[PDB]
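In what follows, chains carry the letters A, B, and so on, assigned in the order in which the sequence lines appear, proteins first and then strands, with residues in each chain numbered from 1.
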Amino acid sequence: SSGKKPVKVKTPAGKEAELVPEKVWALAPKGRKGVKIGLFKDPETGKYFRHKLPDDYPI
DNA sequence: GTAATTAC
DNA sequence: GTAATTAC
């Protein structure tokens, strides 16, 4: 599932950016709350990276 | 090491 | 095939 709303993230280049994730999903071991992860592209470097999403972000 | 995901 | 992502 693709993302909808922009997320405030820290990029691997060390900049804060509000980005729309390309893909979002839950990362949780069995019986654990886990986290939500987004796949982002750094808007300046083109580098793909993964970053935590707010706990209540739509998947 | 687990959990899913995908760029690399 | 593996890195990288978080919290446990």
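At least one cation-pi condition fails for A/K52 and A/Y57: the charged atom is not both under 6.0 angstrom from the six-membered ring centre and inside a 45 degree cone around its axis.
When the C1' atom of B/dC8 is taken as reference, atom CG of A/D42 falls 16 Å away, rounded to whole Å. Rounded to an integer number of Å, the gap from A/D55 CG to C/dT6 P is 13 Å. Nucleotide C/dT5 holds its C1' atom 15 Å from the CG atom of A/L19, rounded to whole Å. Atom CG of A/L39 is separated from atom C1' of C/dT5 by 10 Å (rounded to the nearest Å). Atom P of nucleotide C/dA4 and atom NZ of A/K41 are separated by 19 Å, given to the nearest angstrom. Across the protein-nucleic acid pair, A/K10 atom NZ and C/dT6 atom P stand 11 Å apart, rounded to whole Å. Per the geometry, CD1 belonging to A/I37 stands 15 Å off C1' belonging to B/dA7, to the nearest Å. Distance CZ (A/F49) to P (B/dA7): 14 Å, rounded to an integer number of Å.
In this structure, the separation between NE2 on A/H51 and CG on A/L39 is 12.5 Å, given to the nearest 0.5 Å. To the nearest 0.5 Å, the span separating CH2 on A/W25 from CG on A/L53 amounts to 8.5 Å. For the atom pair CD1 (A/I59) and NZ (A/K4), the distance works out to 8.5 Å, reported to the nearest 0.5 Å. Separation of atoms NZ (A/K23) and OG (A/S1) is listed at 5.0 Å; rounding is to 0.5 Å.
Below the 3.5 angstrom threshold, one finds a donor paired with an acceptor across the side chain of A/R50 and the base of B/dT6.
Residue A/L27 is the one, among A/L27 and A/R32, whose nearest nucleotide of DNA chain C lies closer to the 5' end (criterion: closest heavy atom). Closest-nucleotide positions on DNA chain B for A/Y48 and A/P29 were compared, and the one nearer the 5' end corresponds to A/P29. Heavy-atom nearest nucleotides on DNA chain B were determined for A/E22 and for A/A26, and the one closer to the 5' end corresponds to A/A26.
At C/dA7, one or more side-chain N or O atoms of A/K52 fall inside 4.0 Å of OP1 or OP2 (strictly under the cut-off). OP1 or OP2 of B/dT6 has at least one side-chain nitrogen or oxygen of A/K23 nearer than 4.0 Å.
Adjacent in the strand, B/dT5 and B/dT6 form a stacked pair, their six-membered rings being closer than 5.5 Å at the centres and less than 30 degrees apart in orientation. Both conditions of the stacking definition, centres under 5.5 Å apart and planes under 30° apart, are satisfied by the base rings of C/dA3 and C/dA4.
Residue-level contact check: A/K30 touches the backbone only, with heavy atoms under 4.0 Å from sugar-phosphate atoms and none from bases.
South is the pucker class for the sugar of C/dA3, given a negative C1'-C2'-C3'-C4' value.
Side-chain proximity of A/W25 to the nucleotides B/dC8, C/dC8, B/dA4 is greatest for B/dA4.
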